[PDB]
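When the chains are written out, they are named A, B, C, D, E and F in that same order, and each has its own residue count from 1.
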Amino acid sequence: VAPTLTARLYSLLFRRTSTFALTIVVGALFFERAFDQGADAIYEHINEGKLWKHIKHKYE
Amino acid sequence: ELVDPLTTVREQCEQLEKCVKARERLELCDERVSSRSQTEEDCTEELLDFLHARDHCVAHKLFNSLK
Amino acid sequence: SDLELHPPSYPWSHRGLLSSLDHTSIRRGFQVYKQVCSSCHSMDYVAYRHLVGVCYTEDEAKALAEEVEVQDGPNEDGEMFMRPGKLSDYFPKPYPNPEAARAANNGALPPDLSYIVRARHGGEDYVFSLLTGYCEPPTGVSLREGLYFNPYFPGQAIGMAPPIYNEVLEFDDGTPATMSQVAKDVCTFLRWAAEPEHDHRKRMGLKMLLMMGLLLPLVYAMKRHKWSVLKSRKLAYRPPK
Amino acid sequence: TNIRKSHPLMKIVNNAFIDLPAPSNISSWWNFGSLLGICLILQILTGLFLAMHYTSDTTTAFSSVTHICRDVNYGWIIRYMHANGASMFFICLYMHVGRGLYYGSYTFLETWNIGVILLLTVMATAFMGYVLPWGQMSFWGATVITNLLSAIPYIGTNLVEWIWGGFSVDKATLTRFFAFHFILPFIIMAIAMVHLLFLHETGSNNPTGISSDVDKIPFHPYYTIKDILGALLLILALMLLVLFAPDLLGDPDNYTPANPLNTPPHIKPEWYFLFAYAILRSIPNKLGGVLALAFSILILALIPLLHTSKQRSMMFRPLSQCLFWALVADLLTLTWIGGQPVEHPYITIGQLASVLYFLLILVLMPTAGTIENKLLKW
Amino acid sequence: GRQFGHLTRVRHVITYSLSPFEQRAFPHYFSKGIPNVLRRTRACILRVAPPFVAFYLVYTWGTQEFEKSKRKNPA
Amino acid sequence: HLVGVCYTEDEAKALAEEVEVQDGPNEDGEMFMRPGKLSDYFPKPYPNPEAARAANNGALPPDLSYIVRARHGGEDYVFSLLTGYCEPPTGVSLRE
């Protein structure tokens, strides 16, 4: 399962510079988002100095 | 009749070894300059050292309670 | 006079690397600006809209601007009236001509607070300590009871009165307003006036470290892989005879 | 046959960074050339965006700059990348001139002299750059420096007023500097192309100072990737500054709008000139100081005639290695001094480092060379 | 000028090489790595360090003499 | 500007000194009024643009600093507009 992983990854997606590119662009899409979630979620957890301020001052 | 954390913390800080010695040297100079007339050795320096030792310790402890 | 003392390092809640500003503490600080300094200190680079995403809400921001009379454009008669104050309005306040600061006080310019934290040396630390460390003259020097005394100030002698315990106040959910607790706030606000971007960059900074912490080794291995060929090359010299 | 090789355009590219024979040898100290290139386009790219907003009149000079960081979207990263990019540019510049001296790369007369011209040019470029936001330091740093030329006999006066556009650092003086600070980096870039043209005649020197024709490797893929990695590092450095310590290398005094009657007590040029500033005031003479300050950078052009060793690199010469780092350390002293007031210890130690800088280059290094030859029976 | 094929003359030298896809990018990275760096440091400390501490000493002293020159006792 | 052209140095000064300007602020953050130097321009009539309007009826009397170059037909158009003033033919009434 492990060797065949990197292998299959090469087989189906890496040879043809086509797919190789098709994947990195498609892989950049999902990544950009998942990185911005975790990253912001991290920025929040170490803080909580703004935003939950909203639940207080407004709500109308 | 207010709560002045600065003053509360200043007291205990203003106490400590370092500060005593500087306040000691301060009063020494204080009186030295008080008991003289036509002198210009003006006692400014000794105050500052006292503040440094005091205010350094003021920062480490202060905010800890401040709301 | 020609000798000095440098500020301590107060544990601000934004002194840390990836540390955001306390926004609740920027409000209080704003309020501190509105009543106290705003009658002596210019803050030309901040506007009511700037406060919107930061502390207050849209509506809250408007009403605050609407509590002054401005001077909108001329109309038909080549005039100049006065207006409630929008959002597009800045905080240009005290005195028109510079010398009007002077005439009011005695010489002495109360410098604009839009850029103070970034323009002294020691940021909020110097301002906070100048505000808080107000003290009484040692000996051998008399002022002019105009030039108040200050240790955290160049020449230790200069111009501004300590309006920091004279207490005003208005913290909706409330907080005691001592000299100190009101100082952290004006300072925590003064940082943001000098650098509104403060928090945003530190978020990118976090991303910048996380990203580089992934790209750096990755590029290294790419460069390692290609140099492979030269790192393991073996030579042999086979001359004749 | 192959297009990359024969197309009139690609030929260039190919013979400049693809097939170019390069030493298998060159180390990290060789990355600074490409980083200088990157620093250049970066200063050009952010610099341009800054000019789409900055306005060049005293009235709005400071204001527009503030407008940029607050109102202009991301005008702040742009502004800071610009400011810090200038520093990064100087770090690499000094590193580059360092590598050259240590390794004897200066034996390439033309390549190196073009580099001296690159130095004065990027230097002259940045002096003007910092006058732009019209801060206290800008005006004042602009005043201190410009006036220097007023020591040139019979003409300093006329000249200084001529580049001033008046009798002082006025309105004329700000727009002028904007214009030149815009056109200089383009000329820098063309001159840098001639740097490369001349460099390509010989190929790169290397750590051993021994000819490497016997072991050359193609620039791609080795130095394209070793160059890629080292740019990423330069991005780390650069971004660390703008995203964490944006004002660290900058004076807080330039954040206060200029004032022609004020005159700060503090008064220093940007960090990248401190060593030269030190050298200048260490002389109690108007003409002396300035002449000495000039000689301080223009001496990079004396170096080749002072080469004395039978070996090109310093890699195999320890007396010189010691003298080299003394030279580095002595500049670090000069930096330190220049950042300090002209009082107590600082005066005389500043005057010592000065004589030393010159003794180290004009006499100690040449002599160490002759001795190291003698020690080898050469 | 330049160009491979016209650089210089060399004879009798063989060079064995290996495909990057056949070897590892970090062979004994720390194993042989660290020893080497120590060695390189050792090889150069006596030439690089001495001028720097010399600056360091002159830096801290020069600083102390400055600060302590701006106070007065008798006279 | 008039100095090298028509008048003399002295002549020019006196002409400027026949109006009251508004020199810079002083100590009180003020604004006084001054005889008029040489460094002074000819900024006159109405402050805000609409003050031209209110005075007349709409209608802006455009600045004469650039007129000859800004109409079409130089002095010819202005001269003829100034001189060729005439009475309405028929079928159209103005608004006096």
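Going forward, a contact is a pair of C-beta atoms (placed from the backbone, for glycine too) under 8 Å apart; a residue touches a chain by one contact, two chains touch by 3 or more.
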Chain at maximum distance from subunit E, centres defined as averaged CA atoms: F
Result of counting contacting C-beta pairs for C-E and B-C, higher pair: B-C
Taking each chain's centre as the mean of its CA atoms, subunit A sits from subunit D at a distance in Å of 41
If you average the Cα atoms of subunit C and of subunit D to get two centres, how far apart are those centres in Å? 33
Taking each chain's centre as the mean position of its Cα atoms, how many Å separate subunit A from subunit B? 55
CA centroid of subunit A to CA centroid of subunit C, Å: 35
Please set out, as single numbers or ranges, the residues of subunit B touching at least two other chains. 41, 45
Can you tell me which residues of subunit C touch two or more of the remaining chains? 3, 202, 226
Please set out, as single numbers or ranges, the residues of subunit D touching at least two other chains. none
Provide the full list of chain pairs in touch. A-C, B-C, C-D, C-E, C-F, D-E
Which bits of subunit C are touching subunit D when the two form their complex? 17, 45, 50, 111, 114-115, 118-121, 194, 196-197, 201-202, 204-205, 208, 212, 215-216, 219-220, 222-223, 226-227, 230
Residue ranges of subunit F touching subunit C (in the complex, touch as defined): 25-31, 46-54
Quick one: which bits of subunit A touch subunit C in the complex? Just the residue numbers, please. 35, 39-40, 42-43, 46-47, 49-50, 53, 56-58
Report the residues of subunit C in contact with subunit E in the complex, numbered from low to high. 2-3, 221, 224-226, 228-229, 232-240
Within their complex, state which residues of subunit C touch subunit B. 1, 3-5, 7-12, 129, 132-133, 135, 138-141, 151, 156, 167, 175-176, 178-181, 184
